[PDB]
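Colleague:
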Amino acid sequence: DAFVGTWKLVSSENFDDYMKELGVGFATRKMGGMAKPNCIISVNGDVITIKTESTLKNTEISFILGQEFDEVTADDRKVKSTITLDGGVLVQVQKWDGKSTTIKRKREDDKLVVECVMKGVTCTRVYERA
Ligand SMILES: O=C(O)[C@H]1CCCC[C@H]1COc1ccc(Cl)c(Cl)c1
């Protein structure tokens, strides 16, 4: 839709702090921090696929909106994830061990903007079309 495409990371603010609040260790933070992934979003009927590709680590999720699914995150958390579409924003919550984080993906001009919150920490990542 507005989201379908191949997107390349162009900016990131507060991602180290976000990863620290998730409990990610120093080695993984160091690798994730200077990664510049691509994010490839596609849709086939009810099923949306988001692939994240980078030199040291790739991930993929496929989901139906509103249907919880199991996910292994890039930092190896085992989470229960739910994604909905709200006012044109893809809103993802991850739940594990009584904790949660939310990841909002939105389209703004030429940007795919990703806002990630864990407790008091807010990270903003911007992708542009490859
Ligand atoms: O920008 C995003 O898509 C956000 C979304 C939420 C998880 C956190 C980010 C994913 O972050 C990384 C960062 C580095 C690597 Cl190498 C990989 Cl596979 C994922």
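The opening residue of the sequence shown carries number 2 in the deposited numbering; numbering runs sequentially from there.
Ideal Cβ positions, reconstructed from N, Cα and C, are used throughout, including at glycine.
Runs of 4 residues minimum, wholly inside the segment 21-62: which ones carry the alpha helix (DSSP H) assignment?
Modeller: Taking only runs of at least 4 residues, the alpha helix (DSSP H) segments lying wholly in the segment 21-62 are 27-35.
Colleague: Per DSSP, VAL90 forms a beta bridge with which residues?
Modeller: By one-based count along the sequence shown, residue 90 stands at place 89. According to DSSP, which records beta bridges pairwise, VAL90 is partnered with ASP87.
Colleague: Who pairs with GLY121 in a beta bridge, going by DSSP?
Modeller: For the purposes of this step, residue 121 is taken as the residue at position 120 of the sequence shown. BP columns for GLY121 are empty, so no partner.
Colleague: Throw me the rounded Cβ distance for the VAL92 and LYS105 pair, which I believe falls under 8 Å.
Modeller: Here residue 92 is taken as the residue at index 91 of the sequence shown, counted from 1. Here residue 105 is taken as the residue at index 104 of the sequence shown, counted from 1. Their Cβ separation, rounded to whole angstroms, is 5 Å, which keeps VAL92 and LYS105 in contact under 8 Å.
Colleague: If you draw a straight line from the C-alpha of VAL25 to the C-alpha of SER82, how long is it?
Modeller: The residue you call residue 25 lines up with position 24 of the sequence shown. The residue you call residue 82 lines up with position 81 of the sequence shown. So the alpha carbons of these two residues sit roughly 18 Å apart.
Colleague: Can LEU57 be considered in contact with ligand 1, in the sense that its beta carbon sits closer than 7 Å to one or more heavy atoms?
Modeller: Position 56 of the sequence shown, counting from 1, holds the residue named residue 57. The answer is yes for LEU57.
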